[PDB]
>>> print(open('final11.pdb').read())   # PDB, C-alpha atoms and all ligand atoms
ATOM      1  CA  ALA A   2       3.432 -22.629   3.668  1.00  0.00           C
ATOM      2  CA  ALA A   3       2.797 -19.018   4.678  1.00  0.00           C
ATOM      3  CA  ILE A   4      -0.326 -18.727   2.566  1.00  0.00           C
ATOM      4  CA  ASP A   5      -1.925 -21.659   4.416  1.00  0.00           C
ATOM      5  CA  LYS A   6      -1.401 -20.067   7.833  1.00  0.00           C
ATOM      6  CA  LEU A   7      -2.749 -16.651   6.642  1.00  0.00           C
ATOM      7  CA  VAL A   8      -6.012 -17.952   5.179  1.00  0.00           C
ATOM      8  CA  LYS A   9      -7.160 -20.133   8.112  1.00  0.00           C
ATOM      9  CA  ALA A  10     -10.619 -18.759   8.928  1.00  0.00           C
ATOM     10  CA  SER A  11      -9.809 -17.888  12.544  1.00  0.00           C
ATOM     11  CA  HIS A  12      -6.369 -16.368  11.802  1.00  0.00           C
ATOM     12  CA  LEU A  13      -6.080 -12.576  12.006  1.00  0.00           C
ATOM     13  CA  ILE A  14      -3.076 -10.873  10.390  1.00  0.00           C
ATOM     14  CA  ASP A  15      -0.864  -9.073  12.918  1.00  0.00           C
ATOM     15  CA  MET A  16       2.779  -7.704  13.133  1.00  0.00           C
ATOM     16  CA  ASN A  17       4.122 -11.166  13.519  1.00  0.00           C
ATOM     17  CA  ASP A  18       3.151 -12.089  10.000  1.00  0.00           C
ATOM     18  CA  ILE A  19       5.068  -9.194   8.596  1.00  0.00           C
ATOM     19  CA  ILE A  20       8.535  -9.914   7.187  1.00  0.00           C
ATOM     20  CA  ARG A  21      11.597  -7.778   7.917  1.00  0.00           C
ATOM     21  CA  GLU A  22      13.996  -5.680   5.898  1.00  0.00           C
ATOM     22  CA  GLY A  23      16.595  -8.114   4.627  1.00  0.00           C
ATOM     23  CA  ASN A  24      14.209 -10.930   3.777  1.00  0.00           C
ATOM     24  CA  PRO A  25      14.732 -11.579  -0.002  1.00  0.00           C
ATOM     25  CA  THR A  26      11.007 -11.742  -0.714  1.00  0.00           C
ATOM     26  CA  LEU A  27      10.883  -7.917  -0.403  1.00  0.00           C
ATOM     27  CA  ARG A  28      13.321  -7.590  -3.377  1.00  0.00           C
ATOM     28  CA  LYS A  29      11.654  -9.888  -5.870  1.00  0.00           C
ATOM     29  CA  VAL A  30       9.287  -8.989  -8.750  1.00  0.00           C
ATOM     30  CA  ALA A  31       6.027 -10.541  -7.560  1.00  0.00           C
ATOM     31  CA  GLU A  32       4.194 -12.978  -9.780  1.00  0.00           C
ATOM     32  CA  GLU A  33       0.986 -11.835 -11.651  1.00  0.00           C
ATOM     33  CA  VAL A  34      -2.212 -13.526 -10.458  1.00  0.00           C
ATOM     34  CA  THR A  35      -4.480 -15.376 -12.909  1.00  0.00           C
ATOM     35  CA  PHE A  36      -8.247 -15.229 -13.096  1.00  0.00           C
ATOM     36  CA  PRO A  37     -10.484 -16.737 -11.931  1.00  0.00           C
ATOM     37  CA  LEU A  38      -8.723 -16.399  -8.545  1.00  0.00           C
ATOM     38  CA  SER A  39      -8.056 -19.318  -6.305  1.00  0.00           C
ATOM     39  CA  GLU A  40      -9.827 -19.372  -3.013  1.00  0.00           C
ATOM     40  CA  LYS A  41      -6.558 -18.698  -1.181  1.00  0.00           C
ATOM     41  CA  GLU A  42      -5.888 -15.515  -3.240  1.00  0.00           C
ATOM     42  CA  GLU A  43      -9.349 -14.246  -2.587  1.00  0.00           C
ATOM     43  CA  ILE A  44      -9.151 -14.887   1.123  1.00  0.00           C
ATOM     44  CA  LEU A  45      -5.697 -13.328   1.339  1.00  0.00           C
ATOM     45  CA  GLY A  46      -6.932 -10.088  -0.160  1.00  0.00           C
ATOM     46  CA  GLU A  47      -9.773 -10.016   2.381  1.00  0.00           C
ATOM     47  CA  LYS A  48      -7.549 -10.661   5.331  1.00  0.00           C
ATOM     48  CA  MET A  49      -5.240  -7.837   4.055  1.00  0.00           C
ATOM     49  CA  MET A  50      -8.147  -5.351   4.013  1.00  0.00           C
ATOM     50  CA  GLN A  51      -9.177  -6.660   7.455  1.00  0.00           C
ATOM     51  CA  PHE A  52      -5.672  -5.934   8.746  1.00  0.00           C
ATOM     52  CA  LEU A  53      -5.945  -2.354   7.596  1.00  0.00           C
ATOM     53  CA  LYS A  54      -9.404  -1.860   9.159  1.00  0.00           C
ATOM     54  CA  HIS A  55      -8.091  -3.261  12.485  1.00  0.00           C
ATOM     55  CA  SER A  56      -5.035  -1.131  12.289  1.00  0.00           C
ATOM     56  CA  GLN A  57      -7.241   1.918  12.038  1.00  0.00           C
ATOM     57  CA  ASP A  58      -9.627   1.006  14.888  1.00  0.00           C
ATOM     58  CA  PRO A  59      -8.138   2.261  18.256  1.00  0.00           C
ATOM     59  CA  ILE A  60      -9.363  -0.800  20.198  1.00  0.00           C
ATOM     60  CA  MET A  61      -8.546  -3.608  17.702  1.00  0.00           C
ATOM     61  CA  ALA A  62      -5.147  -1.997  17.082  1.00  0.00           C
ATOM     62  CA  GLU A  63      -4.552  -2.142  20.893  1.00  0.00           C
ATOM     63  CA  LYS A  64      -5.782  -5.705  21.137  1.00  0.00           C
ATOM     64  CA  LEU A  65      -3.684  -6.977  18.243  1.00  0.00           C
ATOM     65  CA  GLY A  66      -0.590  -4.763  18.878  1.00  0.00           C
ATOM     66  CA  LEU A  67      -0.850  -2.882  15.520  1.00  0.00           C
ATOM     67  CA  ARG A  68      -0.102   0.690  14.489  1.00  0.00           C
ATOM     68  CA  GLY A  69      -2.281   2.727  12.082  1.00  0.00           C
ATOM     69  CA  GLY A  70      -1.538   2.106   8.388  1.00  0.00           C
ATOM     70  CA  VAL A  71      -3.127   2.697   4.997  1.00  0.00           C
ATOM     71  CA  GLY A  72      -1.530   0.162   2.611  1.00  0.00           C
ATOM     72  CA  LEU A  73      -0.268  -3.372   2.622  1.00  0.00           C
ATOM     73  CA  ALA A  74       1.250  -5.584  -0.058  1.00  0.00           C
ATOM     74  CA  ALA A  75       1.392  -9.393  -0.209  1.00  0.00           C
ATOM     75  CA  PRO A  76       5.208  -9.504  -0.392  1.00  0.00           C
ATOM     76  CA  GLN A  77       5.279  -8.084   3.146  1.00  0.00           C
ATOM     77  CA  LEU A  78       3.503 -11.239   4.273  1.00  0.00           C
ATOM     78  CA  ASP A  79       6.074 -13.417   2.489  1.00  0.00           C
ATOM     79  CA  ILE A  80       3.709 -14.040  -0.507  1.00  0.00           C
ATOM     80  CA  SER A  81       5.249 -13.163  -3.854  1.00  0.00           C
ATOM     81  CA  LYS A  82       1.991 -12.209  -5.668  1.00  0.00           C
ATOM     82  CA  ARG A  83       0.807  -8.915  -7.237  1.00  0.00           C
ATOM     83  CA  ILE A  84      -1.907  -8.150  -4.608  1.00  0.00           C
ATOM     84  CA  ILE A  85      -2.172  -4.940  -2.577  1.00  0.00           C
ATOM     85  CA  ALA A  86      -4.704  -3.376  -0.306  1.00  0.00           C
ATOM     86  CA  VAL A  87      -5.289   0.349   0.324  1.00  0.00           C
ATOM     87  CA  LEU A  88      -7.452   2.093   2.829  1.00  0.00           C
ATOM     88  CA  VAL A  89      -7.274   5.800   3.160  1.00  0.00           C
ATOM     89  CA  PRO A  90      -9.732   7.378   5.607  1.00  0.00           C
ATOM     90  CA  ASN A  91     -11.213  10.878   5.302  1.00  0.00           C
ATOM     91  CA  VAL A  92     -11.077  12.962   8.457  1.00  0.00           C
ATOM     92  CA  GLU A  93     -13.666  14.508  10.854  1.00  0.00           C
ATOM     93  CA  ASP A  94     -14.316  18.242  10.528  1.00  0.00           C
ATOM     94  CA  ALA A  95     -13.463  20.669  13.335  1.00  0.00           C
ATOM     95  CA  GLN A  96     -16.856  20.227  14.953  1.00  0.00           C
ATOM     96  CA  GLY A  97     -16.374  16.407  15.183  1.00  0.00           C
ATOM     97  CA  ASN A  98     -18.774  15.527  12.394  1.00  0.00           C
ATOM     98  CA  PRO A  99     -17.859  12.386  10.451  1.00  0.00           C
ATOM     99  CA  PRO A 100     -16.959  12.897   6.723  1.00  0.00           C
ATOM    100  CA  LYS A 101     -19.580  12.293   3.968  1.00  0.00           C
ATOM    101  CA  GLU A 102     -17.395   9.390   2.689  1.00  0.00           C
ATOM    102  CA  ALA A 103     -15.581   7.254   5.299  1.00  0.00           C
ATOM    103  CA  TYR A 104     -12.682   6.575   2.857  1.00  0.00           C
ATOM    104  CA  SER A 105     -11.123   8.537  -0.066  1.00  0.00           C
ATOM    105  CA  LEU A 106      -9.764   5.178  -1.282  1.00  0.00           C
ATOM    106  CA  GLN A 107     -10.715   1.617  -0.370  1.00  0.00           C
ATOM    107  CA  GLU A 108      -9.580  -1.343  -2.587  1.00  0.00           C
ATOM    108  CA  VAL A 109      -8.001  -4.697  -2.853  1.00  0.00           C
ATOM    109  CA  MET A 110      -6.123  -4.531  -6.224  1.00  0.00           C
ATOM    110  CA  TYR A 111      -4.809  -7.484  -8.223  1.00  0.00           C
ATOM    111  CA  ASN A 112      -2.113  -6.923 -10.813  1.00  0.00           C
ATOM    112  CA  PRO A 113      -2.043  -3.099 -10.365  1.00  0.00           C
ATOM    113  CA  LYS A 114       0.350  -0.979 -12.379  1.00  0.00           C
ATOM    114  CA  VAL A 115       1.063   2.696 -13.250  1.00  0.00           C
ATOM    115  CA  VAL A 116       0.148   3.215 -16.946  1.00  0.00           C
ATOM    116  CA  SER A 117       0.870   7.012 -17.118  1.00  0.00           C
ATOM    117  CA  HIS A 118       1.900   9.843 -14.825  1.00  0.00           C
ATOM    118  CA  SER A 119       2.629  13.551 -14.592  1.00  0.00           C
ATOM    119  CA  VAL A 120       6.034  15.023 -15.349  1.00  0.00           C
ATOM    120  CA  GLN A 121       5.732  16.734 -11.913  1.00  0.00           C
ATOM    121  CA  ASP A 122       7.030  14.898  -8.799  1.00  0.00           C
ATOM    122  CA  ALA A 123       5.637  15.094  -5.297  1.00  0.00           C
ATOM    123  CA  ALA A 124       6.632  13.954  -1.777  1.00  0.00           C
ATOM    124  CA  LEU A 125       5.118  13.823   1.596  1.00  0.00           C
ATOM    125  CA  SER A 126       6.474  16.540   3.883  1.00  0.00           C
ATOM    126  CA  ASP A 127       6.787  14.177   6.786  1.00  0.00           C
ATOM    127  CA  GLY A 128       8.620  11.472   4.796  1.00  0.00           C
ATOM    128  CA  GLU A 129       7.375   7.838   4.725  1.00  0.00           C
ATOM    129  CA  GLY A 130       7.812   4.690   6.896  1.00  0.00           C
ATOM    130  CA  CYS A 131       7.181   0.933   6.491  1.00  0.00           C
ATOM    131  CA  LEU A 132       6.044  -1.892   8.630  1.00  0.00           C
ATOM    132  CA  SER A 133       8.949  -3.987   7.454  1.00  0.00           C
ATOM    133  CA  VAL A 134      11.474  -1.326   8.491  1.00  0.00           C
ATOM    134  CA  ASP A 135      12.442  -0.668  12.093  1.00  0.00           C
ATOM    135  CA  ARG A 136      14.892   2.243  11.551  1.00  0.00           C
ATOM    136  CA  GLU A 137      14.214   5.980  11.605  1.00  0.00           C
ATOM    137  CA  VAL A 138      14.657   6.985   7.935  1.00  0.00           C
ATOM    138  CA  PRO A 139      14.598  10.666   7.140  1.00  0.00           C
ATOM    139  CA  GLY A 140      13.890  12.485   3.930  1.00  0.00           C
ATOM    140  CA  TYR A 141      11.631  13.166   0.984  1.00  0.00           C
ATOM    141  CA  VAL A 142      10.469  10.077  -0.872  1.00  0.00           C
ATOM    142  CA  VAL A 143      10.255  11.484  -4.465  1.00  0.00           C
ATOM    143  CA  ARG A 144       7.277  10.067  -6.419  1.00  0.00           C
ATOM    144  CA  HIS A 145       4.990  10.982  -9.409  1.00  0.00           C
ATOM    145  CA  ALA A 146       2.598  13.734  -8.376  1.00  0.00           C
ATOM    146  CA  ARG A 147      -0.335  12.239 -10.415  1.00  0.00           C
ATOM    147  CA  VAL A 148      -0.767   8.654 -11.862  1.00  0.00           C
ATOM    148  CA  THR A 149      -3.237   6.764 -13.926  1.00  0.00           C
ATOM    149  CA  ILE A 150      -3.438   3.215 -12.716  1.00  0.00           C
ATOM    150  CA  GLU A 151      -4.923  -0.034 -13.982  1.00  0.00           C
ATOM    151  CA  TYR A 152      -5.895  -2.968 -11.796  1.00  0.00           C
ATOM    152  CA  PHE A 153      -8.293  -5.904 -11.478  1.00  0.00           C
ATOM    153  CA  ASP A 154     -10.699  -6.651  -8.669  1.00  0.00           C
ATOM    154  CA  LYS A 155     -11.302 -10.095  -7.097  1.00  0.00           C
ATOM    155  CA  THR A 156     -13.969 -10.795  -9.712  1.00  0.00           C
ATOM    156  CA  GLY A 157     -11.612 -10.180 -12.580  1.00  0.00           C
ATOM    157  CA  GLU A 158     -13.150  -6.796 -13.619  1.00  0.00           C
ATOM    158  CA  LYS A 159     -10.571  -4.290 -14.938  1.00  0.00           C
ATOM    159  CA  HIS A 160     -10.531  -0.720 -13.575  1.00  0.00           C
ATOM    160  CA  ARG A 161      -8.694   2.436 -14.816  1.00  0.00           C
ATOM    161  CA  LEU A 162      -8.308   5.216 -12.297  1.00  0.00           C
ATOM    162  CA  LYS A 163      -6.485   8.667 -12.054  1.00  0.00           C
ATOM    163  CA  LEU A 164      -5.131   9.652  -8.588  1.00  0.00           C
ATOM    164  CA  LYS A 165      -3.475  12.613  -7.102  1.00  0.00           C
ATOM    165  CA  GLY A 166      -2.323  13.924  -3.687  1.00  0.00           C
ATOM    166  CA  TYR A 167      -1.963  11.466  -0.839  1.00  0.00           C
ATOM    167  CA  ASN A 168      -3.783   8.581  -2.561  1.00  0.00           C
ATOM    168  CA  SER A 169      -1.363   8.782  -5.446  1.00  0.00           C
ATOM    169  CA  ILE A 170       1.542   8.507  -2.992  1.00  0.00           C
ATOM    170  CA  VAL A 171      -0.003   5.539  -1.182  1.00  0.00           C
ATOM    171  CA  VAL A 172      -0.728   3.479  -4.238  1.00  0.00           C
ATOM    172  CA  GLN A 173       2.736   4.131  -5.631  1.00  0.00           C
ATOM    173  CA  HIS A 174       4.349   2.959  -2.332  1.00  0.00           C
ATOM    174  CA  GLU A 175       2.386  -0.432  -2.558  1.00  0.00           C
ATOM    175  CA  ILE A 176       3.016  -1.043  -6.212  1.00  0.00           C
ATOM    176  CA  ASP A 177       6.718  -0.535  -5.492  1.00  0.00           C
ATOM    177  CA  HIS A 178       6.605  -3.448  -3.081  1.00  0.00           C
ATOM    178  CA  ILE A 179       5.326  -5.809  -5.790  1.00  0.00           C
ATOM    179  CA  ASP A 180       8.231  -4.704  -7.996  1.00  0.00           C
ATOM    180  CA  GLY A 181      10.853  -5.223  -5.182  1.00  0.00           C
ATOM    181  CA  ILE A 182      11.359  -1.547  -4.485  1.00  0.00           C
ATOM    182  CA  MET A 183      11.614   0.074  -0.927  1.00  0.00           C
ATOM    183  CA  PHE A 184      10.740   3.635  -0.116  1.00  0.00           C
ATOM    184  CA  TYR A 185      14.271   4.684   0.740  1.00  0.00           C
ATOM    185  CA  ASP A 186      15.412   3.800  -2.821  1.00  0.00           C
ATOM    186  CA  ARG A 187      13.588   7.117  -3.877  1.00  0.00           C
ATOM    187  CA  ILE A 188      15.381   9.251  -1.201  1.00  0.00           C
ATOM    188  CA  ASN A 189      18.268  11.402  -2.474  1.00  0.00           C
ATOM    189  CA  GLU A 190      21.541   9.782  -1.526  1.00  0.00           C
ATOM    190  CA  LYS A 191      23.578  12.851  -0.532  1.00  0.00           C
ATOM    191  CA  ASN A 192      20.905  15.197   0.968  1.00  0.00           C
ATOM    192  CA  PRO A 193      17.628  13.477   2.066  1.00  0.00           C
ATOM    193  CA  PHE A 194      15.882  16.845   2.127  1.00  0.00           C
ATOM    194  CA  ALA A 195      17.008  18.097  -1.262  1.00  0.00           C
ATOM    195  CA  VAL A 196      14.288  19.844  -3.279  1.00  0.00           C
ATOM    196  CA  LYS A 197      14.556  19.961  -7.050  1.00  0.00           C
ATOM    197  CA  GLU A 198      12.589  22.991  -8.261  1.00  0.00           C
ATOM    198  CA  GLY A 199       8.965  22.189  -8.937  1.00  0.00           C
ATOM    199  CA  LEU A 200       8.668  19.339  -6.435  1.00  0.00           C
ATOM    200  CA  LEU A 201       5.273  19.325  -4.930  1.00  0.00           C
ATOM    201  CA  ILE A 202       5.586  18.942  -1.125  1.00  0.00           C
ATOM    202  CA  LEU A 203       2.386  17.449   0.398  1.00  0.00           C
ATOM    203  CA  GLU A 204       1.447  18.519   4.015  1.00  0.00           C
TER     204      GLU A 204
HETATM  205 ZN    ZN A 301      -0.383 -14.373  12.510  1.00  0.00          ZN
HETATM  206 ZN    ZN A 302       4.849 -15.545 -14.630  1.00  0.00          ZN
HETATM  207 ZN    ZN A 303     -14.853 -13.989  -0.125  1.00  0.00          ZN
HETATM  208 ZN    ZN A 304     -12.640  -7.199  12.853  1.00  0.00          ZN
HETATM  209 ZN    ZN A 305       7.145   7.190 -17.199  1.00  0.00          ZN
HETATM  210 ZN    ZN A 306       5.453  -0.402   2.629  1.00  0.00          ZN
HETATM  211 ZN    ZN A 307       7.072   5.463 -12.200  1.00  0.00          ZN
HETATM  212 ZN    ZN A 308      -4.546   0.074 -20.687  1.00  0.00          ZN
HETATM  213 ZN    ZN A 309      20.178   5.553  -0.057  1.00  0.00          ZN
END
>>> encode(input="final11.pdb", output="structure tokens")
Amino acid sequence: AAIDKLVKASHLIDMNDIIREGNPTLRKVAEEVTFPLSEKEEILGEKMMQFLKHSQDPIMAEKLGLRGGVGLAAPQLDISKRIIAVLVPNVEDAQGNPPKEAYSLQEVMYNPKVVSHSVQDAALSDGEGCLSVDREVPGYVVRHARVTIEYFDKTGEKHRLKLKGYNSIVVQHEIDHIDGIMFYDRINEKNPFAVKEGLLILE
């Protein structure tokens, strides 16, 4: 099955393991994982983080044929399980110095969910995209500005975390995949660029 191919020790995830818009797996509600994790679930989560690290490394991305990315969900690999990975790098200053922290967010999350959020909405100014989608899709993807999430790590430890700004937007995009929701479902149907008053537009 797909899981067997992905967790082979020598196998690296690349664009060929990523399913396409139209595949029914992307519209299911993914199945909760149970703890303690199987070996396959543990390995999958590590290969997903490895994919993101490779995607962000100019050379490995070139070698493997990948573009830069900050989030991945197991449904996109044809695995209907509530596992996501997020990797959001901080940026160099104007003199070229590395940031104090390499990443503003770095996690493999099992069974994540939004437990509360702000009344205010937000959206990225430049819209969103998706590895499973090979269409230009314009518009503002309207999300919760701020969220409190819960999730479990690979050991089974529960975490509760508040997020805002770009990290909020990323985590929301990945949780949507495990609920069978696509980014363009949150784009206004008649004017993609419509702005209801009070929308926070992120730059
Ligand atoms: Zn592969
Ligand atoms: Zn169940
Ligand atoms: Zn391990
Ligand atoms: Zn590597
Ligand atoms: Zn609500
Ligand atoms: Zn996505
Ligand atoms: Zn919500
Ligand atoms: Zn709770
Ligand atoms: Zn639409």
>>> closest_atom_pairs(input="final11.pdb", of="segment 124-164 of chain A", to="segment 54-75 of chain A", cutoff="12 Å", atoms="only C-alpha atoms", output="JSON lines")
{"residue": "A:129", "atom": "CA", "partner": "A:70", "partner_atom": "CA", "distance": 11.2}
{"residue": "A:130", "atom": "CA", "partner": "A:70", "partner_atom": "CA", "distance": 9.8}
{"residue": "A:131", "atom": "CA", "partner": "A:70", "partner_atom": "CA", "distance": 9.0}
{"residue": "A:132", "atom": "CA", "partner": "A:70", "partner_atom": "CA", "distance": 8.6}
{"residue": "A:133", "atom": "CA", "partner": "A:73", "partner_atom": "CA", "distance": 10.4}
>>> residues_near_point(input="final11.pdb", point="(5.4, 17.2, -3.1)", cutoff="8 Å", atoms="only C-alpha atoms", output="list in words")
residues 122, 123, 124, 125, 126, 143, 146, 200, 201, 202 and 203 of chain A
>>> resolve_selection(input="final11.pdb", expression="the PyMOL selection byres (((not hetatm)) within 12 of (chain A and resi 306))", output="PyMOL selection string")
chain A and resi 19-22+27+70-78+85-87+129-135+170-185
>>> residues_near_ligand(input="final11.pdb", ligand="ligand ZN 305 (chain A)", cutoff="9 Å", atoms="all atoms listed in the file", output="mmCIF file with C-alpha atoms, in the coordinates of the input")
data_model
loop_
_atom_site.group_PDB
_atom_site.id
_atom_site.type_symbol
_atom_site.label_atom_id
_atom_site.label_comp_id
_atom_site.auth_asym_id
_atom_site.auth_seq_id
_atom_site.Cartn_x
_atom_site.Cartn_y
_atom_site.Cartn_z
ATOM 1 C CA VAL A 115 1.063 2.696 -13.250
ATOM 2 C CA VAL A 116 0.148 3.215 -16.946
ATOM 3 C CA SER A 117 0.870 7.012 -17.118
ATOM 4 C CA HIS A 118 1.900 9.843 -14.825
ATOM 5 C CA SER A 119 2.629 13.551 -14.592
ATOM 6 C CA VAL A 120 6.034 15.023 -15.349
ATOM 7 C CA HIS A 145 4.990 10.982 -9.409
#
>>> residues_around(input="final11.pdb", residues="segment 161-168 of chain A", least_positions_apart="5", cutoff="6 Å", atoms="all atoms listed in the file", output="ChimeraX atom specification")
/A:147-151
>>> resolve_selection(input="final11.pdb", expression="the PyMOL selection byres (((chain A and resi 4) around 12) and not hetatm)", output="VMD selection string")
chain A and resid 2 to 3 5 to 9 12 14 18 39 to 46 48 75 to 76 78 to 82
>>> write_last_selection(input="final11.pdb", atoms="C-alpha atoms", output="PDB file, in the frame of the given file")
ATOM      1  CA  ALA A   2       3.432 -22.629   3.668  1.00  0.00           C
ATOM      2  CA  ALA A   3       2.797 -19.018   4.678  1.00  0.00           C
ATOM      3  CA  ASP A   5      -1.925 -21.659   4.416  1.00  0.00           C
ATOM      4  CA  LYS A   6      -1.401 -20.067   7.833  1.00  0.00           C
ATOM      5  CA  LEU A   7      -2.749 -16.651   6.642  1.00  0.00           C
ATOM      6  CA  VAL A   8      -6.012 -17.952   5.179  1.00  0.00           C
ATOM      7  CA  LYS A   9      -7.160 -20.133   8.112  1.00  0.00           C
ATOM      8  CA  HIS A  12      -6.369 -16.368  11.802  1.00  0.00           C
ATOM      9  CA  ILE A  14      -3.076 -10.873  10.390  1.00  0.00           C
ATOM     10  CA  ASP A  18       3.151 -12.089  10.000  1.00  0.00           C
ATOM     11  CA  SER A  39      -8.056 -19.318  -6.305  1.00  0.00           C
ATOM     12  CA  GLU A  40      -9.827 -19.372  -3.013  1.00  0.00           C
ATOM     13  CA  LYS A  41      -6.558 -18.698  -1.181  1.00  0.00           C
ATOM     14  CA  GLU A  42      -5.888 -15.515  -3.240  1.00  0.00           C
ATOM     15  CA  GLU A  43      -9.349 -14.246  -2.587  1.00  0.00           C
ATOM     16  CA  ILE A  44      -9.151 -14.887   1.123  1.00  0.00           C
ATOM     17  CA  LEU A  45      -5.697 -13.328   1.339  1.00  0.00           C
ATOM     18  CA  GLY A  46      -6.932 -10.088  -0.160  1.00  0.00           C
ATOM     19  CA  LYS A  48      -7.549 -10.661   5.331  1.00  0.00           C
ATOM     20  CA  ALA A  75       1.392  -9.393  -0.209  1.00  0.00           C
ATOM     21  CA  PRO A  76       5.208  -9.504  -0.392  1.00  0.00           C
ATOM     22  CA  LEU A  78       3.503 -11.239   4.273  1.00  0.00           C
ATOM     23  CA  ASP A  79       6.074 -13.417   2.489  1.00  0.00           C
ATOM     24  CA  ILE A  80       3.709 -14.040  -0.507  1.00  0.00           C
ATOM     25  CA  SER A  81       5.249 -13.163  -3.854  1.00  0.00           C
ATOM     26  CA  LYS A  82       1.991 -12.209  -5.668  1.00  0.00           C
TER      27      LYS A  82
END
>>> atom_distance(input="final11.pdb", atom1="atom CA of residue 91 of chain A", atom2="atom CA of residue 204 of chain A")
14.8 Å
>>> atom_distance(input="final11.pdb", atom1="atom CA of residue 137 of chain A", atom2="atom CA of residue 188 of chain A")
13.3 Å
>>> residues_near_ligand(input="final11.pdb", ligand="ligand ZN 302 (chain A)", cutoff="12 Å", atoms="all atoms listed in the file", output="count of residues only")
10
>>> atom_distance(input="final11.pdb", atom1="atom CA of residue 17 of chain A", atom2="atom CA of residue 52 of chain A")
12.1 Å
>>> closest_residue(input="final11.pdb", among="A:96, A:107, A:11, A:189", to="residue 139 of chain A", atoms="only C-alpha atoms")
A:189
>>> resolve_selection(input="final11.pdb", expression="the PyMOL selection byres (((chain A and resi 89) around 6) and not hetatm)", output="list in words")
residues 71, 88, 90, 104, 105 and 106 of chain A
>>> closest_residue(input="final11.pdb", among="A:103, A:195, A:92, A:138", to="ligand ZN 309 (chain A)", atoms="all atoms listed in the file")
A:138
>>> closest_residue(input="final11.pdb", among="A:94, A:102, A:15, A:108", to="ligand ZN 304 (chain A)", atoms="all atoms listed in the file")
A:15
>>> closest_residue(input="final11.pdb", among="A:127, A:186, A:154, A:47", to="ligand ZN 303 (chain A)", atoms="all atoms listed in the file")
A:47
>>> build_atoms(input="final11.pdb", residues="segment 79-91 of chain A", atoms="N, CA, C and O atoms", output="PDB file, keeping the file's coordinate frame")
ATOM      1  N   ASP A  79       5.302 -12.315   3.056  1.00  0.00           N
ATOM      2  CA  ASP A  79       6.074 -13.417   2.489  1.00  0.00           C
ATOM      3  C   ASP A  79       5.350 -14.116   1.331  1.00  0.00           C
ATOM      4  O   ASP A  79       5.644 -15.246   1.044  1.00  0.00           O
ATOM      5  N   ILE A  80       4.456 -13.436   0.606  1.00  0.00           N
ATOM      6  CA  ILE A  80       3.709 -14.040  -0.507  1.00  0.00           C
ATOM      7  C   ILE A  80       4.040 -13.259  -1.748  1.00  0.00           C
ATOM      8  O   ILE A  80       3.679 -12.060  -1.849  1.00  0.00           O
ATOM      9  N   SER A  81       4.733 -13.882  -2.699  1.00  0.00           N
ATOM     10  CA  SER A  81       5.249 -13.163  -3.854  1.00  0.00           C
ATOM     11  C   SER A  81       4.219 -13.110  -4.998  1.00  0.00           C
ATOM     12  O   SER A  81       4.466 -13.658  -6.090  1.00  0.00           O
ATOM     13  N   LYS A  82       3.137 -12.375  -4.771  1.00  0.00           N
ATOM     14  CA  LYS A  82       1.991 -12.209  -5.668  1.00  0.00           C
ATOM     15  C   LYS A  82       1.658 -10.715  -5.738  1.00  0.00           C
ATOM     16  O   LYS A  82       1.891  -9.979  -4.782  1.00  0.00           O
ATOM     17  N   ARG A  83       1.142 -10.303  -6.905  1.00  0.00           N
ATOM     18  CA  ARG A  83       0.807  -8.915  -7.237  1.00  0.00           C
ATOM     19  C   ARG A  83      -0.593  -8.565  -6.651  1.00  0.00           C
ATOM     20  O   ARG A  83      -1.631  -8.427  -7.371  1.00  0.00           O
ATOM     21  N   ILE A  84      -0.631  -8.465  -5.311  1.00  0.00           N
ATOM     22  CA  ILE A  84      -1.907  -8.150  -4.608  1.00  0.00           C
ATOM     23  C   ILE A  84      -1.533  -7.080  -3.603  1.00  0.00           C
ATOM     24  O   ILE A  84      -0.540  -7.232  -2.813  1.00  0.00           O
ATOM     25  N   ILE A  85      -2.313  -6.024  -3.589  1.00  0.00           N
ATOM     26  CA  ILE A  85      -2.172  -4.940  -2.577  1.00  0.00           C
ATOM     27  C   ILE A  85      -3.489  -4.520  -2.033  1.00  0.00           C
ATOM     28  O   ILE A  85      -4.571  -4.717  -2.716  1.00  0.00           O
ATOM     29  N   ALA A  86      -3.476  -3.948  -0.849  1.00  0.00           N
ATOM     30  CA  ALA A  86      -4.704  -3.376  -0.306  1.00  0.00           C
ATOM     31  C   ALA A  86      -4.416  -1.942   0.144  1.00  0.00           C
ATOM     32  O   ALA A  86      -3.311  -1.680   0.765  1.00  0.00           O
ATOM     33  N   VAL A  87      -5.393  -1.044  -0.109  1.00  0.00           N
ATOM     34  CA  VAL A  87      -5.289   0.349   0.324  1.00  0.00           C
ATOM     35  C   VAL A  87      -6.539   0.840   0.989  1.00  0.00           C
ATOM     36  O   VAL A  87      -7.671   0.521   0.565  1.00  0.00           O
ATOM     37  N   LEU A  88      -6.349   1.618   2.032  1.00  0.00           N
ATOM     38  CA  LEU A  88      -7.452   2.093   2.829  1.00  0.00           C
ATOM     39  C   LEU A  88      -7.124   3.440   3.405  1.00  0.00           C
ATOM     40  O   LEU A  88      -6.423   3.531   4.351  1.00  0.00           O
ATOM     41  N   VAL A  89      -7.651   4.484   2.799  1.00  0.00           N
ATOM     42  CA  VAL A  89      -7.274   5.800   3.160  1.00  0.00           C
ATOM     43  C   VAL A  89      -8.530   6.529   3.707  1.00  0.00           C
ATOM     44  O   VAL A  89      -9.432   6.818   2.940  1.00  0.00           O
ATOM     45  N   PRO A  90      -8.557   6.801   5.015  1.00  0.00           N
ATOM     46  CA  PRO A  90      -9.732   7.378   5.607  1.00  0.00           C
ATOM     47  C   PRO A  90      -9.769   8.879   5.388  1.00  0.00           C
ATOM     48  O   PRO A  90      -8.735   9.518   5.267  1.00  0.00           O
ATOM     49  N   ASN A  91     -10.969   9.416   5.234  1.00  0.00           N
ATOM     50  CA  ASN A  91     -11.213  10.878   5.302  1.00  0.00           C
ATOM     51  C   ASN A  91     -11.246  11.263   6.816  1.00  0.00           C
ATOM     52  O   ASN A  91     -11.498  10.430   7.672  1.00  0.00           O
TER      53      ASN A  91
END
